[PDB]
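Heads up, the chain below is alone and in the form deposited in one PDB entry; it's given as structure tokens.
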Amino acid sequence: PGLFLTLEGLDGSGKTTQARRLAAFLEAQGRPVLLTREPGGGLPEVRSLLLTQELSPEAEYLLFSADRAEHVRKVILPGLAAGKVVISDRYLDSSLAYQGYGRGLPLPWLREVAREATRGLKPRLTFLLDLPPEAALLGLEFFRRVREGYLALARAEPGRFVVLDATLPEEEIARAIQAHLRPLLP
């Protein structure tokens, strides 16, 4: 069977924390789970390369997509096929928010590139950890464009996105994610 879930938001919005808490909840229920992330879940070398260089947004998107293409084929789809709940800390929506809304790349192009890269794989639910940039643990204008881009995406796909106030305490956010997830188990 398999269940594909993602977490999205600005750096320091609590994604890795909530990813780790969601995996733990699922383990306590006896459900096999796989935790993964972008960038680097497909091509670790893309992550390291982008850490130290800044490229055109078009080149950056394409590297993020090459990583994503390997990630879907070698990690995510095999995980789903084995019946795992696969949780990715960032997925396509990260490219849409950062390279699209942030850097100005056209979204329909981004999605056409993604179409083969992802084999059209979409998560069943996406938890958006929403907060202002100055509440996170370029320039500020960029991060505002990203944050608002995420909320734009969420608004267009209310079936898939769950928007959470990421400034709330950690345990409270975790329980909110759990409540949304329950109807899709066991």
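For every residue, the number given is its place in the sequence shown, counted from 1. Rigid core: the largest C-alpha set superposing within 1.5 Å between the two forms.
> Between 152 to 160 and 46 to 54, which one strays more from this form in 6 other deposited structures of this protein if you match the rigid core and compare Cα atoms?
After superposing on the rigid core, the more displaced stretch in 6 other deposited structures of this protein is 46 to 54.
> Please indicate which stretch deviates more in 6 other deposited structures of this protein: 26 to 34 or 117 to 125, judged by C-alpha RMS distance after a core superposition?
Between 26 to 34 and 117 to 125, greater C-alpha deviation in 6 other deposited structures of this protein belongs to 26 to 34.
> Can you tell me whether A69 lacks a model in a third or more of the other compared entries?
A69: modelled in every other compared entry.
> For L137, does the count of other compared entries lacking it reach at least a third?
Across the compared entries, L137 is left out in at least a third.
> Please count the deposited residues lying between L137 and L138 that the model leaves without coordinates, and give the class: none, 1 to 3, 4 to 9, or 10 or more.
Gap size class: 10 or more residues without coordinates, per the record.
> May I ask you to compare 72 to 80 and 90 to 98 by their mean CA B factor in the entry and name the higher one?
It is 72 to 80 that shows the higher mean C-alpha B-factor.
> Higher mean Cα B-factor in the deposited model: 45 to 53 or 61 to 69?
Between 61 to 69 and 45 to 53, it is 45 to 53 that shows the higher mean C-alpha B-factor.
> Highest recorded C-alpha temperature factor, please, choosing from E27, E157, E38, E148.
That would be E27.
> If you rank every modelled residue in this chain by C-alpha B factor, which third holds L34: lowest, middle or highest?
Within its chain, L34 is a highest-third residue by C-alpha B-factor, going by the deposited values.
> Going by the recorded CA B-factors, say which third of the chain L164 sits in, lowest, middle or highest.
Ranked within chain, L164 CA B lands in the middle tercile.
In what follows, reference is made to the form deposited with a small molecule bound, a form of this protein that is not presented.
> Name the residue from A176, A23, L168, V163 that puts a heavy atom within 4.5 Å of the small molecule in the deposited complex.
Checking each option against the small molecule in the deposited complex, the one that comes within 4.5 Å is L168.
> Hey, in the deposited complex, is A28 touching the small molecule, heavy atoms inside 4.5 Å?
No - in the deposited complex, heavy atoms of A28 and the small molecule never come within 4.5 Å of each other.
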